[PDB]
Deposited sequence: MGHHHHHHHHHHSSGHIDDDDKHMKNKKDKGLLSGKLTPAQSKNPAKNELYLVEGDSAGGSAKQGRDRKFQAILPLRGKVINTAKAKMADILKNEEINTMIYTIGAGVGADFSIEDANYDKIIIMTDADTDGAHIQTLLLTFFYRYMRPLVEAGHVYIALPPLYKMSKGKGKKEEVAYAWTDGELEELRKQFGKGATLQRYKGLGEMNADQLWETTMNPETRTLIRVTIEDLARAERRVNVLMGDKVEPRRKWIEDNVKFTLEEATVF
């Protein structure tokens, strides 16, 4: 089930893929419903690189994604949104769902990415506040940004290290990661093809032995 947008406009219509029903709720709350849609992903997404075709088409999330965007999977193109934006927790499990989503998009909806329609959205990692009726909060997204903020707010101000999207309200979600004029988005391009297909297959693939080496050679366990 999907939470739609009042109007139909492929020129500027956003499709938000959110990690979890609960966060999606918050998503539906704060938002310009005149042109942005929430579509939640009820837990860990199908591995469309390690699953037969029968399973993929039968998967609730994937089908809903397909029929909601329109084109198909061959794929065709513009219907139906001019931004597909992925909004997940900033944690390891969040990162995992980004992996799983781009794998699918990469494999089936491949033109979408090339046309640069797929985005990942960067929720804030930190909130800084300095009590009660008079309280001030600012946001940071990085190591360095927080430094600037801590100096500004100086001593006495408490820091919060957001553990997920659930920890923040709808107004807060709007201000930081949804409102077009304040949001900071990542835009997935692809800077080759083959380099990609190898990476996507080694990682998201049915093999293991190669994944293990990739991890040995690459994952630095200090």
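Counting the deposited sequence from 1, the stretches lacking C-alpha coordinates are 1-35, 109-110, 116, 169, 262-268.
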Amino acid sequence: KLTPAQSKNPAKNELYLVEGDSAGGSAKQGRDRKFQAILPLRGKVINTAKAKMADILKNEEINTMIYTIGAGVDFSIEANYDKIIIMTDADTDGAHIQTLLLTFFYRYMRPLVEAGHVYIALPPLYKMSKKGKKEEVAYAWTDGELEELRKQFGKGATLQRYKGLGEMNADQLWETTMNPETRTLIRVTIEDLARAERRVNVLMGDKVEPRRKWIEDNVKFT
From here on, numbers count along this sequence of modelled residues.
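Of the other entries compared for this protein that flank it with modelled residues, a third or more give no atoms for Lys134.
Checked against the other entries of this protein, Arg31 counts as resolved in every one of those spanning it, not missing from a third of them. Set 74-82 against 89-97 and average the Cα temperature factors; 74-82 ends up higher. Relative to its counterpart among 200-208 and 6-14, 6-14 has the higher mean temperature factor, C-alpha atoms as listed in the PDB entry. Across the options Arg183, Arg187, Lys155, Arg42, the residue with the most elevated CA B-factor in the record is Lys155. Taking the PDB entry at face value, the top CA B factor among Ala170, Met65, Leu159, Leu165 belongs to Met65. Among the modelled residues of its chain, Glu61 has a C-alpha B-factor that falls in the middle third, as given in the PDB entry. Per the PDB record, residue ranking by Cα B-factor puts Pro111 in the middle third of the chain. When the modelled residues of the chain are ordered by their C-alpha B factor, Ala140 lands in the middle third. Sort the chain's modelled residues by C-alpha temperature factor and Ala54 lands in the highest third, per the entry. Ranked by Cα temperature factor within the chain, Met178 sits in the middle third according to the deposited record.
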